[PDB]
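Written below as structure tokens is the structure these notes are about.
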Amino acid sequence: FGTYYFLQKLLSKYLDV
Amino acid sequence: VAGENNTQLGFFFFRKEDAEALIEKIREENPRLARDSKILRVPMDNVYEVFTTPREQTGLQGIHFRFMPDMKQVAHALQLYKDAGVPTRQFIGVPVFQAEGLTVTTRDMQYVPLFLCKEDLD
Amino acid sequence: XXXXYXXXXXXXXXXXXXXXXXXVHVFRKXXXXXXX
Amino acid sequence: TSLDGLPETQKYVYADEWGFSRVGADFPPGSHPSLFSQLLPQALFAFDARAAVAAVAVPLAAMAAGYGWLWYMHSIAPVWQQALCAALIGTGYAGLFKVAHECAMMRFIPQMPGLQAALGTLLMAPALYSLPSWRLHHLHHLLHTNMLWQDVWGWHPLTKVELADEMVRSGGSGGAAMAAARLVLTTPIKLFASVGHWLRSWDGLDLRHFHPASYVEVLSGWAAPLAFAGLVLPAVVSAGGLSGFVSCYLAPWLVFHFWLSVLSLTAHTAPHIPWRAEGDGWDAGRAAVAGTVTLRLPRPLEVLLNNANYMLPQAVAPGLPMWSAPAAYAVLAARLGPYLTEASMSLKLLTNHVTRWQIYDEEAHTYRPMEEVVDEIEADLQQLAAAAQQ
Ligand SMILES: CC(C)CCC[C@@H](C)[C@H]1CC[C@H]2[C@@H]3CC=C4C[C@@H](OC(=O)CCC(=O)O)CC[C@]4(C)[C@H]3CC[C@]12C
């Protein structure tokens with residue numbers, strides 16, 4: 001579980017600059 | 001049914017199995033028209049009405065509506081015909097049956113019933 | 001009008017020439033048509 | 001890099017044995033698959049309306065022609081005419097689905113992000129695919145490309161030690177699991193294994209796999225598929241009966257899934273491509289460029305599927321538009337020619353995927369046939385039993 005917490009975290013950081 | 005030199009004709013079958021067999025023959029040569037069929041049942045009322053109309057108003061250059069009685073009752077009709085004394089094997093029209101002395105009486109008068117079916121007649 | 005019949009598979013004649021082969025045989029002497 | 005540097009004669013005879021148009025050269029470690037994006041001209045990232053509208057409306061017209069042809073003779077058609085219409089509609093939908101997969105990575109019309117997300121959702125719906133789960137799985141693929149035990153959203157190969165473990169865990173090759181694996185990886189149903197991928201989306205329909213600040217977006221993503229299979233799928237059946245469903249929906253579905261599965265399977269599988277676990281010799285640029293394959297199509301199919309086979313021009317440049325994917329490839333062979341790999345449409349390639357390349361062994365680092373592998377690990381079971389009789 002929580003298997004996409006981190007990828008989505010980083011994608012949000014980078015695409016919403 | 002299309003023919004030669006621009007001819008067509010309408011049909012009216014006293015037993016729906018005749019038209020069903022006709023479109024089963026249609027399926028033999030045309031599957032589209034055989035899926036495009038639907039079976040209608042109307043009295044002689046409006047077909048007699050359209051008989052009493054200008055046929056070229058709806059489009060006529062050789063469309064001759066005819067009837068098609070079943071062969072059972074026309075055979076019974078012709079055996080009636082030739083048990084009288086003049087033996088032939090051809091018929092005119094659609095066979096109707098009646099009986100002498102027979103007449104259906106109402107509360108007011110004695111009307112005459114007409115039977116297309118010798119079975120129902122007798 | 002009238003139509004002639006002969007109980008033979010019975011043949012029929014209109015005043016094209018239907019043949020009621022015991023099925024049917026729509027002779028001509030192709031039912032590709034409809035009302036308009 | 002598995003059959004790396006040696007005379008090009010034997011790599012060419014290998015390419016002819018396998019149906020491959022080329023075998024790659026040597027690639028050194030320490031690189032980034034985004035490096036070679038610096039080569040492409042600054043006009044290959046251009047935007048234009050006509051190419052995109054063609055890319056969306058051409059497979060649309062293919063599908064529409066197929067439907068019209070079918071509804072013209074809805075069910076009176078013979079079997080192979082039905083197969084032709086099914087194949088045509090499935091190919092048109094594969095093209096529309098590639099347009100979808102483009103707008104999912106935000107590189108189709110970045111000018112309108114909302115309109116393009118709505119377009120991607122609408123076009124993914126008829127195939128029962130959720131846009132955000134697809135995007136997550138595709139990024140998770142790009143990150144772990146050809147990595148062992150890590151890229152499960154691609155064609156993860158079945159290895160040897162795990163199959164021996166299952167062999168012991170089932171108590172022979174007569175259980176349901178072993179028979180299922182055999183029948184799925186041996187017959188042409190493998191060419192449809194993408195169906196299983198479709199069942200691995202909907203991650204249990206469980207929001208506990210995602211980031212909380214995304215819940216309201218993930219659920220809406222599962223909405224457009226469900227709504228479809230809740231509204232349209234009934235109507236069709238209602239107006240077409242069981243057969244009328246196996247005709248206008250299920251067959252184009254199997255066509256699109258065939259196209260998807262074969263595209264991926266031939267894009268990232270080959271005997272000259274090893275599958276290393278990272279730490280034990282993995283690299284990004286290496287497993288990206290060296291461990292890949294590009295397939296050739298007839299230009300009709302290439303204008304239909306919308307460049308559906310050019311996966312590397314957009315793996316070196318994740319922001320490269322779709323009508324420029326061939327042109328960019330024109331540049332790449334100019335620079336990395338010796339390291340590229342290529343192949344063509346051939347039933348021989350598929351037959352070797354079906355019968356020859358079935359089990360991946362990490363010792364020889366290549367693919368082997370399944371019956372030989374299964375008899376030989378039965379022989380190794382005989383060996384370990386011989387070591388176990390005393
Ligand atoms: C019936 C058809 C014509 C219409 C479309 C139906 C789909 C929306 C259904 C059919 C198969 C379903 C899947 C079948 C199996 C599962 C596993 C199930 O989850 C689990 O079993 C949890 C994990 C576990 O038990 O180990 C529920 C989600 C999912 C993906 C289902 C999601 C919804 C799916 C794709």
Side-chain angles (χ1 to χ4, degrees), chain D residues 1-33 35-36 140-165 181 185 190 193 261-295 311-312 315-316 332 336-343 349-350 352-370 372-374 376-377 380:
Chain D
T1 66
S2 211
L3 297 324
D4 221 333
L6 80 138
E8 65 289 336
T9 50
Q10 195 148 180
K11 79 173 210 203
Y12 186 64
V13 309
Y14 275 177
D16 194 58
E17 213 289 297
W18 307 332
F20 280 137
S21 153
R22 186 198 310 258
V23 183
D26 168 47
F27 220 73
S31 64
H32 333 122
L35 276 164
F36 326 96
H140 178 99
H141 167 61
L142 295 201
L143 284 174
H144 298 63
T145 329
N146 285 339
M147 208 193 309
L148 204 45
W149 329 115
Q150 302 279 347
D151 202 28
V152 305
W153 300 117
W155 271 95
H156 180 90
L158 184 122
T159 332
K160 195 167 161 191
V161 186
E162 70 169 342
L163 91 94
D165 288 28
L185 68 79
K190 184 175 200 166
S261 161
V262 306
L263 267 188
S264 78
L265 171 68
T266 196
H268 265 276
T269 306
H272 74 301
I273 296 172
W275 275 72
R276 344 261 205 183
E278 188 190 39
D280 295 348
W282 192 81
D283 187 298
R286 166 183 311 260
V289 169
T292 205
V293 179
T294 302
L295 216 82
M311 298 194 189
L312 291 322
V316 69
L332 261 181
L336 289 71
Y339 327 96
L340 304 183
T341 292
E342 203 158 303
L349 179 78
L350 324 170
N352 306 354
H353 262 318
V354 166
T355 34
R356 300 187 203 167
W357 318 326
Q358 282 156 331
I359 301 306
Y360 185 91
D361 90 86
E362 62 278 72
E363 279 77 18
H365 272 299
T366 188
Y367 297 94
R368 310 162 42 156
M370 51 81 214
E372 179 271 359
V373 174
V374 85
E376 78 111 324
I377 45 77
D380 313 293

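First the proteins, then the strands, lettered A, B, ... as listed; each starts at 1. Any value given below was found using the heavy atoms of this structure, including those in side chains, with hydrogens, waters and symmetry copies removed.
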Report the C-alpha distance between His268(D) and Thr292(D) in whole Å, list the side-chain angles of each, state the deciding distance to 0.1 Å, and finish with yes or no for side-chain contact (heavy atoms from CB on, under 4.5 Å). CA-CA 5 Å; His268(D) 265 276; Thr292(D) 205; 3.9 Å; yes
Report the distance from atom NZ of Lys11(D) to atom CG of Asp16(D), rounding to the nearest 0.5 Å. 14.0 Å
If I compare all heavy atoms of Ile273(D) with all of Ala290(D), which pair ends up nearest, and what's the gap? CG1-O, 4.2 Å
Name of the residue among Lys160(D), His156(D), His365(D) meeting side chain to side chain donor-acceptor pair (under 3.5 Å) with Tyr360(D): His365(D)
Does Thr145(D) use its side chain to pair, donor to acceptor, with the backbone of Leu142(D) at less than 3.5 Å? yes
Please check: side-chain N/O of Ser2(D) versus main-chain N/O of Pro274(D), any donor-acceptor pairing under 3.5 Å? no
Do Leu163(D) and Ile377(D) make a side-chain contact, defined as non-hydrogen atoms from C-beta onward lying under 4.5 Å apart? yes
Quick note, side-chain hydrogen bond (donor to acceptor under 3.5 Å, both in side chains) partners involving residues 269-289 of chain D, not counting sequence neighbours, are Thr1(D)-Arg276(D), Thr1(D)-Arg286(D), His272(D)-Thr341(D), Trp275(D)-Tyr367(D)
Is the side chain of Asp4(D) donor-acceptor paired with the backbone N or O of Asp26(D) at a distance under 3.5 Å, no angle test? yes
Could you pull out the closest heavy-atom pair between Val373(D) and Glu376(D), with the gap in Å? O-CG, 3.1 Å
Starting at CD1 of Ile359(D), measure out to CD of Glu162(D) and round the result to the nearest 0.5 Å. 8.5 Å
Ignoring hydrogens, what is the shortest heavy-atom contact between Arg368(D) and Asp361(D)? Give both atom names and the distance. CD-OD2, 3.1 Å
What pair of heavy atoms forms the shortest contact from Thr159(D) to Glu362(D), and how long is it? CG2-OE2, 3.3 Å
Which atom of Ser31(D) lies closest to which atom of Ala284(D), heavy atoms considered: O-CB, 4.2 Å
Between the side chain of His140(D) and the main-chain N/O of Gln150(D), is any donor-acceptor distance below 3.5 Å? yes
Within a strict 4.5 Å, meaning less than it, do heavy atoms of the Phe20(D) and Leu349(D) side chains meet? yes
CG/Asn352(D) to CD/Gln358(D) distance, rounded to the nearest 0.5 angstrom? 10.0 Å
Kindly give the heavy-atom pair with the smallest separation between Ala15(D) and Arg22(D), and that separation in Å. CB-N, 4.2 Å
To the nearest 0.5 Å, how far apart are OG1 in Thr266(D) and CE in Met311(D)? 9.0 Å
Rounded to the nearest 0.5 Å, how far apart are CG of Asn146(D) and CH2 of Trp155(D)? 14.0 Å
Spatial distance of atom NZ (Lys190(D)) from atom OG1 (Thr355(D)) [nearest 0.5 Å]: 9.5 Å
